[PDB]
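Data block below; observations after.
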RNA sequence: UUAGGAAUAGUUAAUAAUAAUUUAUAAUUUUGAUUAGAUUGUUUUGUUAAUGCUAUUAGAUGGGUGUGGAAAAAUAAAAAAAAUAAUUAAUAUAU
Ligand SMILES: [Mg+2]
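Chains as they are written, first to last, in my numbering: chain A, 679 to 830; chain B, 71 to 296; chain C, 8 to 69; chain D, 1486 to 1700; chain E, 352 to 458; chain F, 168 to 279; chain G, 123 to 376; chain H, 36 to 161; chain I, 14 to 53.
Dropping the structure here:
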C-alpha cells in the first residue's frame, strides 16, 4: 500500500486527474489502504470542473471509508472541514459535536473563572498507591495477651 | 470487542446499548447475531374478516358430499387470494407473476426508500417449494450505490410487504446468469446527475420542525394547551 | 394507571385540582389514605412529568 | 484379497512378516539378482496388498498409530531389501513395458511416501488435532444424536459438550521411545547403502527427539 | 547424584540422569518382573488387535458405549477430585453405596 | 440456613393440611386436570376468583375432558360480570394510539 | 497414575471432516458459493502477472495410483473444452448453483458451461468451467493469459478451467490461497508513458478552479411514515444492515 | 491505646457481614443426656457413647494447636507450610514410591508442652 | 428498562404481548436527543 | 469426640493403559482405622487473677433439564434488571 501511495500522490501532484481511477482499479478492493490515500485524493477531487462532482466524489470517498473498514483520519476530516462553506459535507458525527460544544464552553468559562483555579487535593493527585504504608504505625504485636490461648 | 457503542463507556448499562456487539454474544447461539428484523406479528397475521361468508375446503377432503358449488368455489378462490394479499406482497407472490421469475428486477421493503435510507435487492435466483408463497430467494444487495460481490440470501423473504417495479431491460432469462449491478463508485464512474447520495458517513438528517414542536410541547417548553 | 396493583385512577377524588396533585409529597399522600405502591406510582409519575416525560406508557393489564 | 481400508492391509502386512520369521527372504523375493522379475504371482499379490482403495488418498494413514506405522515401514524396508536389484535398476532411469511392474512401482512409491509423511506427522506435530487417530467405522454418537432428534434450528446441536469430545477410540498420538528408535532404523533402511545416513534430516530429527524427550 | 538442584528444582534422580550416573538398588525377582513384564502385555494386546479384529472391534465398541453413556462423564469438581470417598465422605452412608469406607491411603 | 433457638426437648415437625389448590381450582373452574366421566345435566356453580377464569378455562368448562359433544349444562358463575369502558384513539401526544379499553370486572363488585 | 498425567482441560475433539453440518456437498449450490470468488481473482492475477503453472498444453498425466494423491488442490487452464477420461460428466444446470458466477461472467470472460466430473471411484471431483473470450479486463503482454489463444483473440475462443477437489470435505479444502497476489494494472498509466502517443495531449491541472457557485443543495428531508425497528445505534445493527460500524451510524432513516 | 488482634478480626467481620456478632449466644442451656440402649449393649465395637460428646476440630478441650517451630522450620526456608520435609524411608514395596515417615509438633498450652506426631507420605523416586 | 409508549406498533395477537417494540420516527428522533444528552 | 478400643476395603503403586483382560512381597490401622452414636465449622459468647472452663446460626448439597462460562435453578424487602421510571426529606411497610 505504501508503494501505491507514492504513485497516487505523484498522480495527484502532477494534476493528471487520473489518480482516482488508479486507486479504484488497483488499491481500493484489494488492499488494506489507510486514510492518507483520500488525503491525497481530496486535492484531485478539489480540481474538478463542477462543485457537484467534487461533492459526490467526497461523499463516495466517505462511503469507501465506511465499506472497506478504513476510518477517516483527523487530517482528512480537517481538509473537508475547511471547504464546508462550498461543499456542505458534514464530517463530524452528531455525538462528537454535542460533546465538543459542552466541553469547550465549560473549559472556557472554567479558564476565565478566578475562583475555581485553586488546586484540589481530592481531584489533582493520588497520595499513595502502594499496598503497604510508608511508615510504621506500631502494629502488629506478634505476641499473645490475657485470655488468648491461640498463639501463633 | 469488535464494535462497541461510544467505545467503552459504563456510567449506565443503557450507555452500552441494547446489544453489546454486532457479533453473537455466545458462540452456541448463532441466531443472536445483530441484523435488521421485520415486524412479523402484524405482517404474518392476515385479515380473516375477508373469509366470512365463504366456505373454504380442506385439501384431504375430496369426497363427493363435501364438494361445493363452482360459483361458491370461485368466490372461495377470490376470497383466499384477497386473504393472502390483504396485508402485503411477498417476494414469491411478486416473482411468480413476472417474466423469468423476476430475475434481475429490484425488490425493496417499504421502509427501504424513505428517510435517508436507500437499499434494494436485485434478484438472482428463487427456489420455490410446493407451497409457492414461501421458498428461498437470492440477490445482490445494493445499499447507497455500493453492491455486494456475491448473491446473498434475502432475509425475511417470506414476510409480506415487498415491492418491485418491473423493467424489461433488467430481465435475465434462465439461460444466462444475472449480472451484479455496478457499484457507483467503483465500477461505473460517479455522476451527480444520475445518482446523488442521500446520506453519507458523518451525516445526520436535519431536525424536522414538527418533531421539534412535538418534543418542545412534550417537555413543556412550548405552551401546549387545549 | 398501568399496573393492576397500582390503581391510580381510583383516587381521582383524593385531589382538589392540578396544583393539589403536583404539590403533594409522599407524606401528604400517606395522610390522604393512599396505599404505598399507588402513592409511589403517583409520585414517580408527577416527578417524571416535572422532568419532561409525560405519562405515555402502555397499559400492561390485559 | 484387495483390502478396502489401510488397517486391513496393515494386518495382512503384519501376518506376512510374522508368518515367515526366517522365511521372510523366500516369501517376498520376486526378482533375480540382475533385476528381472522371477515370479509374477508374488508380484501380483504384493501389488494388490497395497491397493488404491487402501493407500490412494492423501489422508489414507490418518488412523495409523505409532505401532502400525512400524509395521508399514518394516514391510516397505523388507520389500526394498529383498528386491534391491529390481528397485535400484527400475526406479532411477528405466522404462518398462510390463503393465504390472509400473503399477507395483507406483503403489510402492505411494505407500513409501505416505508412510514417511505419516512419520513426519507424528514426529513434527505431537498430540496435534491433525495427528489424532480414530477407529475405522467408528461410532461418532454426535451424528446419530443429531439425526434421531428434531432440529427446528439446525445450529442448535444437542449434547454438544459431550458429543464433540467422544468418538470410538480417538487418541492423541506421539512417538514414544520404542517407536522412535525403530522408525530411525526403518527410515535408514528405506534408503540405499551408498546414501549417507548423517545427511537424512529425518533420522537425525528422530535421534534428537529421543534425546530431548529422554532429557 | 544424591542431591537435588535447588535452582532448577530437579529431583535427586533427574540430576543423576543429567550426569549419566546410575543409582539403583539391587532388585529382587518380583521387582525385575515388575519392570520386564510391561512390554509383554503391550505386544500381547497389539497382537490381539492385529490378529482378531472382529473381537477387538466389539470390545472397543462396548468399552466406548460404557464410557460415553456414563452418568459422571462431565468434567467437574467432583469428577476432578483425586480421592472421592475422602473429599465427599458424607455421601458414602446415605447416598453413595459404591465406596463402603472413606479411608484408603495415608491421607 | 435459618437461625433457630436451641431447645433441650424434641422438635415438632408439622405436616399441617393447607387449603387444597385442587379444591380452589375446581371451585374457580381453572383445574384443567380433572377427567370426569358420566356427563350429567345438573348445573355447575363456579365462584369467580381474581384473574382465575378466562376463555381458556371456560372452554374446558363447556367441553370437559371426558369427550363431550355439546355444552349441555347451565353454568352459574358467581361474580363473573364484567364492565367495559369505550375505547378511543388519542390524536394529541407523541403519536397515534388507542386507549380506554379496560374491564371493570372482578374488582368493582355489585351490591356493596 | 494414568489419571494424574495432565488435567482434563482442552480434550481431544472430533474433527470437522466427520461432521455432516461442517462438510459442503457438491450437489448443492453452496459448493459453487465458496469456490467462485476464488476463480474471479485468479483470472485477475493471470491477466496481470505471469503465473508459472496455470496454463498447460494438455492434462497433467499422473498414474492411476497417484491420481488421488497429487491432483486435489491443483489447478490449470487449457484451450478448448476437452475433458479428462475416466470421469462422469454432470453439467450444472441449476440456476441456484450458477448464480455465483455472475461477477465472473459479467466483469470477466463469459461463463458458457459449468461441469462437475465424478470418477468411477467417486473420490476425486473436477470443476470444469468453459469460458468464451475475449476478456473484459486488459491483459498484459507478459501475463500468463497472453499465451492462450482463446484469451488473446477477440470454438477458437473457448478455454476451460480445471480445478480438482475431494468430494465431502469442509470448505477449508476447496481454497486457493496461493493465488491472492495483488499484481497491479498499468492501464491508466499506459497513456502517459513513453510507449504511447497520448503523452503530450493531456493537460495538467496544477490549481483548482475558482468556484463562484456553491454546491447544489440536497432536496428537503422527508421523515419516514412507517413503524421503525428502533435505534440502530444501540441494536448493534450496521448502518444499513449491510456494512459499516455501529459507532458511526449513517444511511438509516435519520 | 493499642488495640489487640480481636479488634482487627471484629473489623473484618463488620466489613464483611455488616455486623460483628448477634448477642445472647451462651444461654446457659441445660444439655441433658437421655440414654436409650441397654447397659452394656451399645451398637458399636470399640467406642461406646454414653455422655454428651463435644463437637469441634480446634475448639475442644484440652486445646491443641500446630507448633510451627521445629527442625523443619530451622533448616528449610519454606514458601508455605509443609512444602519441604525431612523424614525416614520405611517402605519400598511399591514401584517408584518411597514411604517416608516425617514428624511435626503439636502444642498444648494448658500443659505448656509440645509433642511429636508422625505422618506418613508417599514420595516418588524414578 | 425499555419504555413501551402507547403509540408504538400494536401486536394484535391473543397468544402473546399486546404491544411490540416498533417505534415511531418521532420516538426515534427524541430517543436520539436523549442519547446525545447522555453522551455528554 | 465417644465409661466398658479391632480389624478395613469397587481397594495401593507401576503402566506404550483416554476407556488398565498385565505386574507386584500392594494399601489403612494399637502413634487408635472402618463402621455405629453425637455432629456445619469458627482467638467473635459468658466468666475469672488465669495460655482454665464454657458457647456459637458463615457456609455446602454425584440422577429435575448436559442447557449454560459456571447447576447454585421450582423460590429471597432491591443487588434497580440493557431510553434519567423515580434520586427533596421521614415513614420506605401495613395499604
Ligand atoms: Mg506390568
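Backbone N, C-alpha and C define an ideal beta-carbon position, used for all residues, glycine too.
Along chain A, in chain order, which residues have C-beta atoms closer than 8 Å to that of residue 366 of chain G?
744 and 745
Who are the neighbours of residue 423 of chain E on chain D, taking C-beta pairs under 9 Å?
Those do not exist, as residue 423 of chain E stays about 12 Å from chain D at its closest Cβ, beyond 9 Å.
Would you tell me roughly how many angstroms separate the C-alpha atoms of residue 247 of chain G and residue 184 of chain G, rounded to the nearest one?
15 Å
Close beta carbons around residue 117 of chain B, own chain, < 8 Å, minus the five adjacent residues each side:
153, 156 and 157
Name the chain B residues that come within less than 7 Å of residue 1640 of chain D, Cβ to Cβ?
100 and 101
Going along the chain, which residues put their C-beta within less than 7 Å of some heavy atom in ligand 1?
E:385, E:388, E:389 and E:392
Please compile the residues from chain B whose C-beta is within a distance smaller than 8 Å of the C-beta of residue 261 of chain F.
284 and 288
Do you know offhand how far residue 238 of chain F's Cα is from residue 129 of chain B's?
30 Å
Below-7 Å beta-carbon distance, residue 39 of chain I vs any chain B residue:
yes
Applying the 10 Å Cβ sphere with the 16-neighbour rule, what's the burial state of residue 433 of chain E?
exposed
Considering only their Cβ atoms, is the gap separating residue 66 of chain C from residue 9 of chain C smaller than 7 Å?
yes
Buried versus exposed, by CB contacts within 10 Å (16 or more), residue 1556 of chain D:
buried
Spatially closest choice to residue 197 of chain G from G:233, G:301, G:214 and G:320, by CA coordinates
G:301
In chain G, which residues lie less than 9 Å from residue 729 of chain A when you measure between Cβ atoms?
333, 335, 336, 337 and 338
Nearest by alpha-carbon distance to residue 1690 of chain D: which of D:1536, D:1672 and D:1680 is it?
D:1672
Assess, as a yes-or-no matter, whether the stretch 347–354 of chain G is touched by the stretch 719–729 of chain A under the definition of 3 or more beta carbon pairs within less than 8 Å.
no
Are residue 1568 of chain D and residue 1619 of chain D close, meaning C-beta to C-beta below 7 Å?
no
Is the beta carbon of residue 1495 of chain D within less than 6 Å of some heavy atom of ligand 3?
The ligand content of the structure shown is limited to ligand 1, which means ligand 3 is not among them.
Please state whether the Cβ-Cβ distance between residue 177 of chain G and residue 270 of chain G is less than 7 Å.
yes
With distance defined between alpha-carbon atoms, name the residue in G:370, G:181, G:229 and G:187 nearest to residue 165 of chain G.
G:229
Could you give the residue range of the beta strand (DSSP E) that holds residue 234 of chain B?
232–234
When DSSP labels each residue in this structure, what does residue 1524 of chain D get in the three-state scheme?
coil
Starting from the beta carbon of residue 61 of chain C, find every residue of chain B whose beta carbon is closer than 8 Å, and list them in chain order.
288
Looking at the secondary structure, which residues open and close the alpha helix (DSSP H) in which residue 43 of chain C lies?
43–57
Under the three-state reduction of DSSP, which class applies to residue 1693 of chain D: helix, strand or coil?
helix
Close-in-space but distant-in-sequence residues of the same chain around residue 1630 of chain D (CB under 7 Å, 5 per side omitted)
1643, 1644 and 1648
The stretch 184–193 of chain B / the stretch 123–141 of chain G touching (three or more Cβ pairs under 8 Å)
no
Runs of 4 residues minimum, wholly inside the stretch 1522–1556 of chain D: which ones carry the alpha helix (DSSP H) assignment?
1525–1534 and 1537–1540
Reduced DSSP secondary structure (H/G/I, E/B, other) of residue 1633 of chain D
coil
As an exercise, report each continuous alpha helix (DSSP H) stretch of at least 4 residues that is fully enclosed by the stretch 83–142 of chain B, in chain order.
110–114
Between residue 93 of chain H and chain E, is there a C-beta pair that is closer than 7 Å?
no
Identify the contact partners of residue 364 of chain E in chain H, using a Cβ-Cβ distance below 7 Å as the criterion.
160 and 161
Chain B within 7 Å of residue 778 of chain A, Cβ atoms only:
no
Report yes or no: do three or more beta-carbon pairs, one from the stretch 233–247 of chain B and one from the stretch 198–216 of chain B, lie closer than 8 Å?
no
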